[PDB]
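Asks: Pasting a structure here, questions to come.
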Ligand SMILES: CC(=O)O[C@H]1C(=O)[C@@]2(C)[C@H]([C@H](OC(=O)c3ccccc3)[C@]3(O)C[C@H](OC(=O)[C@H](O)[C@@H](NC(=O)c4ccccc4)c4ccccc4)C(C)=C1C3(C)C)[C@]1(OC(C)=O)CO[C@@H]1C[C@@H]2O
Ligand SMILES: Nc1nc2c(ncn2[C@@H]2O[C@H](COP(=O)(O)OP(=O)(O)O)[C@@H](O)[C@H]2O)c(=O)[nH]1
């Protein structure tokens with residue numbers, strides 16, 4: 001059984017998961033009290049709730065997810081909220097003080113106190129698995145728990161397990177919008193485990209999502225609650241071919257084999273094409289051809305980036321619903337035709353399609369409309385180096401005067417560690433300079 | 001009249017017999033209240049109930065069997081259960097405390113107190129016999145009553161009778177699965193009477209049966225009740241040519257003449273080929289040819305063993321139902337052809353076939369389906385020495401520190417008796433090393 | 001007599017064969033449940049070529065379904081034709097193949113092949129007099145490519161003289177839906193060279209082209225393209241199952257299709273292909289069918305025969321037809337197009353004629369071509385291969401699984417040598 005583990009770390013990581021685990025409840029037809037209703041005398045793990053829901057006896061569905069925070073407060077929104085009996089009680093693990101936007105606290109001081117209780121929750125879910133697929137860590141670069149703790153966990157998860165996929169859903173720091181002033185300190189230090197221990201790190205940021213809500217979608221005034229329904233459709237499609245039938249299904253490992261060229265070049269941005277408001281959902285031509293072109297739009301990116309500034313290295317089309325493939329292959333051939341889209345010269349064969357039959361669900365009270373087709377495009381590009389150049393420069397400014405150093409050293413790390421994680425990220429940005437360039441003879 | 005005596009000793013020995021005497025009730029058309037129904041104005045001892053059922057006056061069938069336990073509790077499941085008026089009251093002999101997994105208690109302390117009452121039950125059944133065939137002791141190596149008492153009885157049965165066959169249906173200790181920790185103590189001490197006094201000891205073990213239920217049969221979760229219906233089809237076929245017509249009938253003594261080379265080389269494992277679930281019973285080709293090959297499968301063994309590790313010495317085909325012999329002789333000649341199957345070099349003429357016309361019965365609520373043909377293969381092989389090497393090593397571990405010695409010595413045996421029964425079993429295992437090897441000139 | 005064991009392997013392998021045993025199961029009037037509901041006793045004389053009769057006139061195929069993923073098996077079981085297979089022939093692991101060759105050939109394939117060759121011996125030990133085998137699989141998949149070539153290279157050690165042929169789907173550069181399908185196709189072309197008796201190379205673009213142009217379809221799925229392919233696979237062994245005027249087994253083709261060893265890569269072709277509506281407007285004959293078979297636009301391999309020369313072809317006709325028209329049409333072709341044939345072989349064409357058409361029309365035919373123009377396939381792959389491999393891209397997912405570089409360089413050279421084998425036999429007198 002294609003089972004998978006969600007881990008939701010820190011405030012952002014929890015609050016995304018609300019929007020994730022809201023959705024799968026609708027995907028598999030599960031009430032907020034964990035119950036499938038009486039109109040499901042059909043095959044459950046044939047609809048494959050069984051990758052995200054361990055079926056407790058007597059018709060009861062509890063996730064394979066763990067909600068971890070160093071602060072009591074965030075998860076206590078999940079107790080009560082409405083999800084107060086969806087979750088297993090023992091998978092909502094609270095500390096007492098958060099890391100408090102301090103990586104040294106989340107990794108050394110506070111994080112170690114709950115790390116074995118969290119790893120022991122993993123084992124209770126790891127031993128219930130048959131054919132474990134891997135882990136889905138949610139967090140934000142630029143928290144304390146999202147960076148400090150996640151770094152601590154990913155070390156421990158690499159040692160105990162090794163073999164399985166470990167996906168990350170980070171939120172990257174936005175170039176203008178930021179709310180912590182040590183936001184770049186906590187991102188340089190999370191660099192270390194993100195490239196080393198994760199197998200595939202995704203990056204999103206809030207400004208590139210603000211664009212999409214306002215422009216494609218005509219929402220006046222987004223909150224985090226609005227953005228995360230969007231986040232969840234990207235992840236819901238990723239992991240949909242594990243757990244629904246379709247031609248050209250794609251396991252969690254078939255991404256990495258088809259998306260990721262080299263060891264540490266594993267930072268693909270996602271997109272999602274049918275972001276359409278109810279009114280604008282008429283005046284559609286929402287065919288396969290138009291929705292494939294919309295993925296390659298530099299405005300429909302989930303990262304503050306412009307792929308016109310770099311070259312794609314792989315793409316990866318994950319479609320849901322009313323789909324005929326030859327429409328897709330004819331829309332690929334258009335994509336290969338255009339010269340505004342630069343692939344690299346060593347790719348040649350562009351990219352991997354994957355289709356699934358299960359159409360998305362419209363999240364109730366949600367922002368999307370009812371679409372028939374839907375497409376994430378996970379896609380390596382050299383344009384995500386530009387996100388890094390804009391953030392190293394913020395780190396290099398503050399660390400030039402050794403600003404907030406006294407908070408960090410007095411918590412269980414060294415001055416020396418800044419100089420290593422800065423070199424570490426400077427080498428990544430040098431890898432993408434050397435991976436964009438073809439070789440000639 | 002081809003009459004035979006069942007003796008059911010200890011908890012395992014009783015609880016098998018439930019599954020045996022369930023079956024013969026169906027074989028000969030006997031209700032659980034001992035009555036043949038009104039649609040049998042046909043020949044009774046011509047259907048030959050008369051080997052296992054003394055016909056009490058007024059149309060009533062009571063076995064020639066004796067259920068012996070040192071514990072009241074097991075047999076009290078037979079009083080009531082459903083068999084509460086199948087059995088003669090005086091053939092259900094209870095003690096008050098069991099031997100309690102202690103050979104010294106079952107053989108010296110507790111066993112002697114009921115041994116003359118049991119031998120006197122034998123005489124009441126021995127004197128009702130005309131043409132007594134022999135005895136069928138059921139037990140388990142690694143009980144107290146199954147080992148201690150059985151050892152005491154077999155001594156007494158050799159003295160009073162001598163001449164007749166005395167078959168045993170043991171359960172051998174499984175290499176991983178065991179629930180008593182002095183399980184090897186009780187097996188070394190039962191070695192003495194098993195080789196000396198029995199004429200043909202069978203061995204089964206629970207793991208090799210777990211395989212067959214799960215794999216050939218797709219039962220999720222076997223209990224002892226499930227395994228023993230299987231056990232009973234092996235014994236039901238053994239003793240079927242005594243008591244039904246067929247060409248090439250085989251008495252109880254024609255095994256031993258055709259199966260057993262030398263005095264103490266009389267430990268043949270059985271198999272049974274058509275272990276097929278109801279659904280898998282279509283998609284059959286269940287001919288004679290396929291079912292003969294299935295006997296020689298190392299997976300279809302009733303012992304945790306692999307005949308690919310030793311050489312067969314004799315085999316013995318006992319078939320039931322819709323059978324044409326020349327199909328069998330053409331399936332023998334295939335078996336002689338293969339070089340995977342090693343006979344010894346002094347056998348030459350492989351083995352003995354026996355056929356019977358009476359098809360098996362499907363036990364109601366039972367695990368088999370309706371099969372047309374069925375085959376036990378009783379077969380001497382040198383691969384059963386491997387079962388012994390895996391159990392001597394468990395004995396030799398515990399007896400190296402003289403672990404549970406204080407329980408045994410304080411019950412009516414000596415420390416010296418361990419050193420004799422270990423030498424005794426080491427000589428058997430040396431006989432099979434010297435019986436596998438051909439002589440050259 | 002002359003049984004065929006069917007080993008459908010991988011995802012693609014199972015989809016085709018799903019539709020394959022929906023055709024054969026119509027050829028012989030097999031119920032979905034497995035009973036027989038025909039009328040003509042031709043359907044039963046040679047049923048045993050594919051089907052074991054079981055107890056009480058149920059007919060269980062001799063097919064073995066192999067996978068490294070439970071999904072396809074559960075689909076087939078739960079579908080219209082789940083009932084038809086024996087449940088001991090649904091052999092599958094749990095951990096997916098990765099669309100990785102190494103993962104299906106060394107790590108997770110070798111673990112399973114023991115439990116599958118033990119099913120091959122259930123089938124092979126039951127047959128009267130086995131003829132051949134067949135994979136249905138995909139060069140460009142994990143299990144189709146890797147596990148398929150592990151099964152093949154372990155059958156030649158057991159059954160070293162049976163016609164083992166494959167219906168292998170080969171990649172086309174116009175339609176890509178996997179990034180490392182050059183890696184996965186290169187390492188399996190290497191195995192098909194030394195191990196196989198006939199290889200029916202099929203592409204994707206060539207099947208849309210038939211759907212769009214000839215059949216006048218709108219919206220093709222895998223469901224539709226393999227429905228074609230299964231009508232080819234039925235044609236191959238028709239004279240093995242039906243009586244004919246000329247017969248032709250698997251072995252009969254093999255023998256006079258294949259000049260040299262190693263050059264056993266065939267291009268199928270089917271005719272007729274009409275739209276519905278445009279069937280009352282073609283008159284259905286033998287000159288009509290011949291003109292389609294020598295048409296480029298009815299090749300299920302995405303090449304043009306005009307870029308080379310047919311070494312040899314075979315023409316398998318199915319229907320109540322003449323022998324003069326057959327013997328003439330097949331003559332008028334290799335006269336008018338004598339520069340499209342290799343001239344050191346007289347009578348490049350072999351005809352076979354069965355008596356039994358498919359169950360809707362009269363007078364079908366099936367073209368199987370050994371053309372030199374198939375090096376157009378092997379070069380389009382060995383250009384993509386050599387463009388990724390010069391960077392050593394996607395390498396750690398392969399060296400991680402027990403392989404190394406030297407398996408690549410040799411396998412690239414074994415593909416690039418047989419380009420220089422079609423090349424020699426095209427030109428040079
Ligand atoms: C009113 C009438 O006559 O209907 C025809 C029909 O319209 C035509 C168009 C059929 C039709 O075929 C297709 O449209 C098609 C679909 C997918 C893949 C390939 C073709 C037909 O569907 C297919 C069907 O074929 C058969 O019955 C064959 O025995 C064939 N069978 C299958 O492929 C099959 C189809 C459905 C269910 C089970 C099996 C076959 C061919 C080779 C080897 C074995 C079997 C036929 C004659 C027809 C229809 C029904 C419309 C044609 O195809 C074949 C293979 O016969 C397409 O061009 C021919 C010419 C036929 O006249
Ligand atoms: N003809 C055909 N090819 C297929 C189909 N499905 C997958 N493929 C091919 O198979 C390869 C992928 O292998 P796949 O079957 O997904 O491997 P899996 O992990 O074993 O399912 C690609 O080269 C595809 O073109 C199908 O239905 N028909």
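The way this entry was determined, per its header, is electron microscopy, 5.3 Å.
Using N, Cα and C of the backbone, Cβ positions are placed for all residues, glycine too.
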Asks: Which one of A:50, A:206, A:249 goes with A:11, A:71, A:140, A:144, A:145, A:179, A:228 at the GTP site, as Swiss-Prot has it?
Replies: A:206
Asks: Would you give the longest CA-CA distance, in whole angstrom, between residues of A:11, A:71, A:140, A:144, A:145, A:179, A:206, A:228, the set recorded as binding GTP?
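Replies: So the maximum pairwise Cα distance among the GTP binders is 23 Å.
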Asks: Calculate the distance in Å between the alpha carbons (Cα) of residue A:439 (phosphoserine) and residue A:339 (omega-N-methylarginine), and round it to a whole number.
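Replies: That comes out at 20 Å between the alpha carbons.
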Asks: Any idea what the Cα distance is from residue A:11 (GTP binding site) over to residue A:232 (phosphoserine), rounded to a whole Å?
Replies: 16
Asks: In DSSP terms, helix, strand or coil for residue A:179 (GTP binding site)?
Replies: coil
Asks: Measure from the Cα of residue A:232 (phosphoserine) to the Cα of every one of the recorded positions A:140, A:145, A:254, then give the nearest.
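Replies: Of the recorded positions A:140, A:145, A:254, A:140 has its Cα closest to that of residue A:232 (phosphoserine).
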Asks: Which one of these recorded positions has the most other Cβ atoms within 10 Å of its own Cβ: A:40, A:326, A:370?
Replies: A:326
Asks: How many Å separate the Cα atoms of residue A:228 (GTP binding site) and residue A:282 (3'-nitrotyrosine)?
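Replies: One finds 25 Å between the Cα atoms of these residues.
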Asks: What's the CA to CA span in angstrom from residue A:71 (GTP binding site) over to residue A:339 (omega-N-methylarginine)?
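Replies: Residue A:71 (GTP binding site) to residue A:339 (omega-N-methylarginine), Cα-Cα distance: 50 Å.
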Asks: Please identify, among the recorded positions A:140, A:144, A:206, A:254, the one with the smallest Cα-Cα distance to residue A:48 (phosphoserine).
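Replies: That would be A:254, nearest by Cα distance.
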Asks: Name the residues of the same chain, 6+ apart in sequence, whose Cβ is under 8 Å from the Cβ of residue A:144 (GTP binding site)?
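Replies: Long-range Cβ contacts: A:10, A:70, A:98, A:99, A:100, A:101, A:102, A:103, A:105, A:106, A:186.
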